[PDB]
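Residue numbers (the numbering used here): 56 to 181.
Even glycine gets a Cβ: it sits at the ideal position worked out from N, Cα and C.
Read through the structure below, which is laid out as structure tokens, and then see the notes.
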């Protein structure tokens, strides 16, 4: 297990302090975070959520500001998030999303105090 590599990937996929719904496509695409579907070199993830908070604040969910939820951890306080859901396209640089801005109790996987995965809602694509 490489906790620090997974943490850095979690920053790239899920930490966006100034994100907005209008930025889903540009941020997920190859000119920025180049976020791709697991198991592919160029596929579109069906959903990716950005947490609109600083990484240090989000890391506290893995400490005292989180409570257990099965093999994951739920934030004790809600966080502002932008949820980007795949609307059309199946490969980069043409993955096009619809985004929703909301406030959610985020659910993460933590390893020795570091966040390494974001638990997304199941989604309907298209």
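- When DSSP labels each residue in this structure, what does residue 153 get in the three-state scheme? strand
- Query: When DSSP labels each residue in this structure, what does residue 173 get in the three-state scheme?
  - Reply: In the structure shown, residue 173 falls within a strand segment according to DSSP collapsed to helix, strand and coil.
- Nearest residue (CA-CA) to residue 90, options 140, 131 and 109: 140
- Rounded straight-line distance, which links the Cα of residue 130 to that of residue 40: Coverage of the chain is limited to positions 56 through 181, which leaves residue 40 absent and any answer about it impossible.
- Query: In terms of residue numbering, what span does the alpha helix (DSSP H) encompassing residue 61 cover?
  - Reply: 58-69
- Which same chain residues, not among the five before or five after residue 134, have their C-beta less than 6 Å away from its C-beta? For residue 134, where only same-chain residues beyond five positions count, the Cβ hits under 6 Å are 106, 108 and 161.
- Who are the Cβ neighbours of residue 75 in its own chain at under 8 Å, not counting the five residues just before and after it? 137, 154 and 156
- Query: Between the Cα of residue 180 and the Cα atoms of 100, 146 and 58, which residue gives the shortest distance?
  - Reply: 100
- Item | Range of the contiguous alpha helix (DSSP H) that encloses residue 166 | Run containing residue 166: none in the alpha helix (DSSP H); it sits in the beta strand (DSSP E), 162-166.
- Query: Is residue 115 helix, strand or coil by DSSP?
  - Reply: helix
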